[PDB]
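Peer 1: Test case, fold it:
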Amino acid sequence: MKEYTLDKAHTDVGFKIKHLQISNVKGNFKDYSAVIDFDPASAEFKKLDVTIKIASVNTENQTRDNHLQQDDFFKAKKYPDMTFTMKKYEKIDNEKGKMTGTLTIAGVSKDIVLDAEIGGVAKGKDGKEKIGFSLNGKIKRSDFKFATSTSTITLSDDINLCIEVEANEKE
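Peer 2: Numbering: from 1, shown residues only. Structure data below:
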């Protein structure tokens with residue numbers, strides 16, 4: 001035989017091991033419209049109807065946003081928009097209420113509840129009205145038969161909706 005000595009400089013005592021990491025995908029939609037009827041005298045919503053252009057999704061990542069439009073997600077070609085239609089507002093107090101509405105994702109419709117939190121009601125600079133409110137709730141992918149090919153292991157069955165709205169009076 002013959003005896004050798006490592007050359008520490010071009011030697012690597014290496015290892016690889018696979019692990020999982022949980023992370024939140026956050027995301028909004030750049031393009032959407034809404035009709036908002038609100039009575040500041042009673043802090044009740046009267047009508048809230050939203051249409052969102054699936055195309056305008058943004059999860060800060062171009063290759064994912066494109067993939068969201070495909071058959072195994074939104075199917076934007078066939079179902080270009082998602083809609084929410086308020087059916088009922090149940091006041092808790094002036095800061096808080098339970099909103100019940102019909103959500104439609106890719107042609108499937110289910111009634112959801114959002115927690116309305118009125119974060120501020122004002123008269124503006126110009127003496128015309130404003131409001132700032134939030135709508136929060138959790139919806140289940142499974143309830144909408146949405147992305148059914150993707151396992152609830154890889155991607156959570158729960159989506160957390162956070163609608164943050166500032167809004168001004170009309171005409």
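Peer 1: what about the strands in this protein?
Peer 2: Under the criterion DSSP state E, the chain contains strands at 28-29, 32-39, 44-53, 57-58, 81-91, 96-105, 108-123, 129-140, 158-168.
Peer 1: how about those in a markdown table, adding distance to residue 11 and mean neighbour count?
Peer 2: C-beta here means a position set from N, CA and C on the backbone, and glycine is covered the same way. Output for the strands of the chain, formatted as a markdown table (distance: least, CB to CB, whole Å; neighbours: other CB atoms under 10 Å):
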| stretch | distance to residue 11 | mean neighbour count |
| --- | --- | --- |
| strand 28-29 | 50 | 14 |
| strand 32-39 | 58 | 14 |
| strand 44-53 | 56 | 17 |
| strand 57-58 | 46 | 18 |
| strand 81-91 | 56 | 17 |
| strand 96-105 | 55 | 18 |
| strand 108-123 | 58 | 15 |
| strand 129-140 | 52 | 17 |
| strand 158-168 | 48 | 13 |
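Peer 1: Quick one: closest of these to residue 1.
Peer 2: Closest of the strands of the chain to residue 1 is strand 158-168, at 63.0 Å (criterion: CB to CB).
Peer 1: counting contacts, what elements does the closest one pack onto?
Peer 2: strand 32-39, strand 129-140 (3 or more CB pairs under 8 Å, 6 or more residues apart in numbering; DSSP states H and E).
Peer 1: All good on my end, thank you.
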